[PDB]
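The form deposited in one PDB entry is given below as one chain in structure tokens.
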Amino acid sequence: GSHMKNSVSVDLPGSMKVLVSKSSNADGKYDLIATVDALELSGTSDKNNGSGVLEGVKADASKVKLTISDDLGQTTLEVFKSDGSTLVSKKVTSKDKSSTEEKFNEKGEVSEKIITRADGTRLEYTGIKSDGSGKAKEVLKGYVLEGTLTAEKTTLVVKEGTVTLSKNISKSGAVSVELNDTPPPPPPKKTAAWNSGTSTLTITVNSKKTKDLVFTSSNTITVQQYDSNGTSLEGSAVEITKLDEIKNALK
């Protein structure tokens, strides 16, 4: 790969290496050389520990820039369009093996982002919108949490029955958790009044009369409905002819 006479090799975060000249040149700057994805990057630095900025040009004229932090604890690898300013990809890697990788839309704005923690768990963001929202996924050991992203926080949601658990992660990385239980409305209870004089059972639900069941001198049962206000009967009484029709009227 990269070769430099009278150089020291420096190991970098992200499984990269930079060669730094043992000697400084006329300006007292040190030469830096690195090969990243088979492209040679080069720069000069005031320092000789391996920190600085290295640059190169892909065969398709894309511009590549590798920035190495002063203490060697972090690398930033950026790929631009040929203009040298519209980002195509960006990966920041720290010595503890955590990292942030971004993909960009055609205008150079972040459209996807993967945060890899030092322990290998990940936050994966896709479909990022200009207001900072998007779809979110937290990849943990043994399982994946799903949710959404806003500008201030990532909200991962687990649902079971009527219970919702929300794990919120601020851009700072602070965690806060909430739980909600929204039980369905209790079904309104049927009550009934019996008028022995008219052999009529009047059912009520939610304080409204719903129907009259008449138990006739002919040993039959009829059902008649009330209007939506429960004010008076509507239509005509219907004689029940099968058991399922009694059950239905009790629904």
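Start at 1 with the first residue shown and count on from there. Rigid core (definition): largest C-alpha set, two forms, superposition within 1.5 Å.
- In this entry, 183 to 191 has the higher mean Cα B-factor, the comparison being between 29 to 37 and 183 to 191.
- Between the residues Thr67, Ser42, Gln225, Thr220, it is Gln225 that shows the highest Cα B-factor in the PDB record.
- Taking only the listed residues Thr76, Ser85, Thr100, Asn168, the entry reports the highest CA temperature factor at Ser85.
- The deposited CA B-factor of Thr202 belongs to the middle third of values across its chain.
- Annotation for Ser196: C-alpha temperature factor in the highest third relative to the rest of the modelled chain, per the entry.
- Sorting the modelled residues of the chain by their CA temperature factor places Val18 in the lowest third.
- Sort the modelled residues of the chain by CA B factor and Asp60 lands in the lowest third.
- Per-chain ranking of the deposited C-alpha B factor places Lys107 in the highest third.
Although not depicted, the form deposited in another entry is the subject of the following passage.
- Looking at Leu201, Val36, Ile33, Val64 after a core superposition between the shown form and the other one, you find that only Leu201 has a C-alpha shift of 2 Å or more.
- The rigid-core alignment places the CA of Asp96 2 Å or more apart between the shown form and the other one.
- Put the two forms on the same core and the Cα of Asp131 is off by less than 2 Å between the shown form and the other one.
- For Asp11, the Cα coordinates differ by under 2 angstroms between the shown form and the other one after the core has been superposed.
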